[PDB]
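Below you'll find the structure, written out as structure tokens, and then a few comments.
Just so it is clear, the values below take in all heavy atoms, side chains as well, and ignore hydrogens, waters and symmetry mates. Positions are given from 1, in the same order as the sequence printed here. Ligands are counted one by one from 1 in listed order, and the atoms in each one are counted from 1 as well.
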Amino acid sequence: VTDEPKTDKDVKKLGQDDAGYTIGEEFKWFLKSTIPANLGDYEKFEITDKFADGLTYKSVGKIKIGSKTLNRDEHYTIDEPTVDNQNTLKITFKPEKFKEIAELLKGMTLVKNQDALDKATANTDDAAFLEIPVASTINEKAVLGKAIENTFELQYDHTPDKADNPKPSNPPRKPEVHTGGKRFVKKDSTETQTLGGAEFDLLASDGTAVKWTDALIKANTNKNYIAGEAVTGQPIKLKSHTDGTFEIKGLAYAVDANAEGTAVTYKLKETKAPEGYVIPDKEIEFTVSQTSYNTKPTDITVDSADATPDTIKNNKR
Ligand SMILES: [Ca+2]
Ligand SMILES: [Ca+2]
């Protein structure tokens, strides 16, 4: 047993490991490390997080030990993810500052056990650890219904021996996020033909409109499925293509559960019927689940778009 760093990563909030999001919706990952009282001796404390293709890094938030804040460019530096570094974040805690950071720990009770770290739901002076919030979104590269994991590696040098000899610490268990989709086909009442030109407002279960963002637009590039022009801040409106089909990609499901977790209901309000058909007076419910877009997301590295679409029927004038 040592006092050397144990690491863990959470998502959404401290103590949570699984969450579901709509593409473009910003949320926080939490990079977590125990801190030893002899931190002042350390010659390296560098965190590297290679974000999955399907994640877009936004920013690093307020870095905390217990109630105390660490300041950017005073206590640490950031190297942001880019195309050139393969989407990799590096956070370097300044060796010249290790004594000053160690002094901040005075009076604190430090978390020391891996399981205690994993279970931490707060970061306080009486149960303190290093907490790094990282703002992130799920992007268009996600596989719908698939767990998108994250982790990081700490390279730490605990020996004040004037020799560069770091060791790794890694989270034993990885948190994950997921997003989903749905496929549809518009038909007549007896399901004999497909119908183009039906238009639908996309709504949450509570009837509130789902709005476009730049990120959602990037995930739904097939203009055949979009009613009118899609621009950020405006309600999402979808359209059946001339083969009856349309889709929505990147809606949250299993909000507080794993990638196999509970489906979420959304609604379509039909606002335009295909030529010669009537507008219904009831909204259409559908669910987004692990398998509502891809039948086997755990097996694939790109969408297959093979789940059975929901049929939506129209009645003739
Ligand atoms: Ca965790
Ligand atoms: Ca050393």
Exercise. For the pair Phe184 and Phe286, evaluate side-chain contact (heavy atoms from CB on, under 4.5 Å) and give the outcome as yes or no after the intermediate values.
Key: CA-CA 10 Å; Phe184 302 97; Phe286 66 96; 3.6 Å; yes

Practice problem: Would you tell me whether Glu80 and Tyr57 have side-chain atoms, one donor and one acceptor, within less than 3.5 Å of each other? | Solution: no

Exercise. Identify which protein N/O/S atoms are less than 3.0 Å from the Ca ion (ligand 2).
Key: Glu43 OE1, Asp157 OD1, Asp157 OD2, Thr159 O, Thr159 OG1, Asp161 OD1, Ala163 O, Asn165 OD1

Quiz item: Would you say the side chains of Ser304 and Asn294 form a donor-acceptor pair under 3.5 Å?
Solution: yes

Quiz item: Taking the six-membered ring for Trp, are the ring centroids of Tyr42 and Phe93 within less than 6.0 Å of each other?
Solution: no

Practice problem: Taking the side chain as every heavy atom from C-beta outward, state whether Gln155 and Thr48 have any atom pair closer than 4.5 Å. | Solution: no

Quiz prompt | Listed protein N/O/S atoms, distance to the Ca ion (ligand 1) under 3.0 Å | solution = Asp8 OD1, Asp8 OD2, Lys9 O, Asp10 OD1, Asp17 OD1

Quiz item: Is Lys267 atom NZ crowded by more than 12 heavy atoms from other residues, nucleotides or ligands, each under 6.0 Å away?
Solution: yes

Quiz item: Judged by modelled atom types alone, do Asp157 and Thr159 share a side-chain donor-acceptor pair under 3.5 Å?
Solution: yes

Practice problem: With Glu247 as reference, evaluate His241, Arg183, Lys182 under the side-chain hydrogen bond (donor to acceptor under 3.5 Å, both in side chains) test and give the passing residue. | Solution: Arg183

Quiz item: Going by atom types only, do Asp243 and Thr245 share a side-chain donor-acceptor pair under 3.5 Å?
Solution: yes

